[PDB]
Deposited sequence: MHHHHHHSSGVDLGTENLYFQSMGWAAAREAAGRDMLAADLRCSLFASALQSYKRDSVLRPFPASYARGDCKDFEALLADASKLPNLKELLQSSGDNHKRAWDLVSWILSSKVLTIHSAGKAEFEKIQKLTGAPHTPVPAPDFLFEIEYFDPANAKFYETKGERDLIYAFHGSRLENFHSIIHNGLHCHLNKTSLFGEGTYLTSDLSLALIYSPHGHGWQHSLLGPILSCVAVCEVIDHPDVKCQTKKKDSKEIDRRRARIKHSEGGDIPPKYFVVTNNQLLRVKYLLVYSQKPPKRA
């Protein structure tokens, strides 16, 4: 996606654009970047060779999104290229939501049984076709379940773009979900986001999943076929 298209997208929802940059920074900065930074910007790869040192360096030169947008940049050329890539997707996009939807989420997942904190920011994932149509076609007459999934921040760039995978032979294969946000949170410790983020530099992210209902101390449950679920919301918490 081009620079003018990037500037319109970022201007329409800066906190959603900022999140996508913060989640990219978190994956990039992680020692696990080789595996967690997927999708990877092809501009920073030769063949199979990913140049994480070029990418880490260029990432650390990105100004905050207010500065990037207010600066008429042909000098912020490398930054625009990178932010344009970050905010591009033909499959989905992300939308800032108000805590008028945290009420909705709570109603969908079920009233909490244990004290829980309120997210500082909430975000919804909009899926475009064929992906969107495919999900509802798979769903059919079956009703949708809403459950939480906690994870380390460096995993959310890959979780969002590639979806939740199923494994990591051993113990327990499939994705673990819970209707108690207090259980999901123990799997979502604070991680390092982006120093120029409007959300703040240290964040915790919890996913809300749309689960197609099929026979599948707080209670939890496991989803083995990954065609039956998708991240629909993101609960973001900033450390103060």
Chain regions without C-alpha coordinates, deposited sequence numbering
1-22, 191-193, 242-269, 294-298
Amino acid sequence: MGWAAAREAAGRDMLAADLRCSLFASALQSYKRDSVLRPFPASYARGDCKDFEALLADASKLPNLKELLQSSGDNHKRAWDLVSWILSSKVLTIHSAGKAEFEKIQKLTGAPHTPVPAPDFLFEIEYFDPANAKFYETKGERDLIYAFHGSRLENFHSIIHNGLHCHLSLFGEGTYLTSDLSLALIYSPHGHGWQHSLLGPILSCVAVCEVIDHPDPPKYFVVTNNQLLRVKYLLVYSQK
From here on, numbers count along this sequence of modelled residues.
Residue 13 left out of the model in a third or more of other PDB entries
no
Would residue 168 be found without coordinates in at least a third of the other compared entries?
yes
Could you check the entry and say whether 113-121 or 128-136 has the higher mean CA B-factor?
128-136
Comparing 139-147 with 83-91, which has the greater mean CA B-factor as deposited?
139-147
Tertile call for residue 231 (CA temperature factor, within chain, third-based) is the middle
Residue 34 CA temperature factor, ranked by third within the chain
lowest
Third assignment of residue 76 from its chain's C-alpha B-factors:
highest
Going by the recorded CA B-factors, say which third of the chain residue 155 sits in, lowest, middle or highest.
lowest
Based on the deposited C-alpha B factors for this chain, I'd like to know if residue 204 is in the lowest, middle or highest third.
lowest
